[PDB]
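Consider the single chain below, provided in structure tokens and representing the form deposited in one PDB entry.
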């Protein structure tokens, strides 16, 4: 991921720039509740403008239209308005993102123009599949996917992807823009830079913190990271499958993966061959049901979790052992929380861990959190950086130009 063209190396003087951005801002009744994403794209836009771009055409998606036009539910129009204010420059909103009219509008704009197109996911051709009003799944048509892609391509002379968080999908706006230079925007640059260091030449010790719910769909994540790390914390719902299998721990109604259980000793067996020191939790915050407002308890591996109750967070002794690993690390990658941090009662392990990760950063650790000024890098894509850590090829990253 080191050798990708980035916007700062791209010539844009007098060029029309088609820029895929992340403008999926949280919305309430069509009013933007957090403009943080729009803000994050401004440096890229401005760089283009300050460097004499003829136009920047912004294409993005919002919400969940699933390939049906929903102008009154998932329009990008409000975003154009916020952007005009963020930039101090007019932004031209277009009511579609492809077709003859949009093409004429973009063919030779007034120099310095900024254009936001309507939501890409109004077209089944963006994602290559969608639904209808009755919610019956539909397929896109090959011929029409290709035409969509040719129309997006008509809108600029160079292309910028600053949408890392979509870069794991082979979508028209990710892989379909056929233009001679395809660069990463400034957000995408930071992602490639941080993840490339971590995967290629991490500082050492390299600690991976892996949490979340399910073991089953994290087998490649763990496997690949076992090729690379020196230490790994296993937390979140995952840990109960490991502790049941490895230690015969009573887990109560804690998440258990019957399929995952059968490979636990396989993974530990790989950790051992490789010299990766595994830190599992040793105590827990328990809950009488899966609910924000459940009664809370405490349990250790020795006592086990009681009948009826589940571990939704690690305890104080687990936080210390976690901290011991964090204290050793010179490079940390963290993917997935270590308890149900959405619920205040089950959020202490995660907050405490984050406090340790923040101090580590102060002392000079390189710290990467998956999908904020106190860590080295917060990733802008959750699914994408997970597939990265799995060692997969990301279509939108792979499509960018080399050198």
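C-alpha atoms forming the largest set that superposes within 1.5 Å between two forms make up the rigid core. Positions refer to the first chain, counted from 1.
Length class of the unmodelled deposited segment, which would lie between residue 371 and residue 372: Count of unmodelled residues in between: 10 or more.
Between 37 to 45 and 372 to 380, which has the larger average Cα B-factor in the PDB entry? Mean B over CA atoms: larger for 372 to 380.
Residue stretch of maximal mean CA temperature factor, 178 to 186 vs 207 to 215: Stretch with the greater average CA B-factor: 207 to 215.
Of the residues 156, 308, 315, 112, the one carrying the largest Cα B-factor as recorded: Reading the PDB entry, the winner on C-alpha B-factor is 308.
So if I compare the CA B-factors in the entry for 275, 130, 281, 252, which one is the largest? So the option with the highest C-alpha B-factor is 130.
Residue 331's Cα B-factor: lowest, middle or highest third of the chain? Within its chain, residue 331 is a lowest-third residue by C-alpha B-factor, going by the deposited values.
Considering every modelled residue of the chain and its Cα B-factor in the PDB entry, is residue 55 in the lowest, middle or highest third? It falls in the bottom third of the chain.
Within this chain, which third does the Cα B-factor at residue 145 fall in: lowest, middle or highest? Answer is lowest: the recorded C-alpha B-factor places it there.
Residue 259 - Cα temperature factor, lowest/middle/highest third of chain: It falls in the top third of the chain.
Please say which third, lowest, middle or highest, residue 91 falls into when its CA temperature factor is compared across its chain. As the PDB entry reports it, the C-alpha B-factor of residue 91 lands in the highest third of its chain.
The next section is about a form of this same protein that is not shown, the form deposited in another entry.
Which of 288, 317, 77, 324 is displaced between this form and the one not shown by 2 angstroms or more at its C-alpha, rigid core aligned: C-alpha shift of at least 2 Å: 77.
Taking the rigid core as the reference frame, tell me whether residue 307 has a CA displacement of 2 angstroms or more between this form and the one not shown. After core superposition, the displacement of the residue 307 C-alpha between this form and the one not shown stays below 2 Å, so no.
Aligned on the rigid core, do the two forms place the Cα of residue 256 2 Å or more apart, comparing between this form and the one not shown? Superposed on the core, residue 256 moves its C-alpha less than 2 Å between this form and the one not shown.
Is there a C-alpha shift of 2 Å or more at residue 50 between this form and the one not shown once the rigid core is superposed? Residue 50 C-alpha, core-superposed: shift of 2 Å or more.
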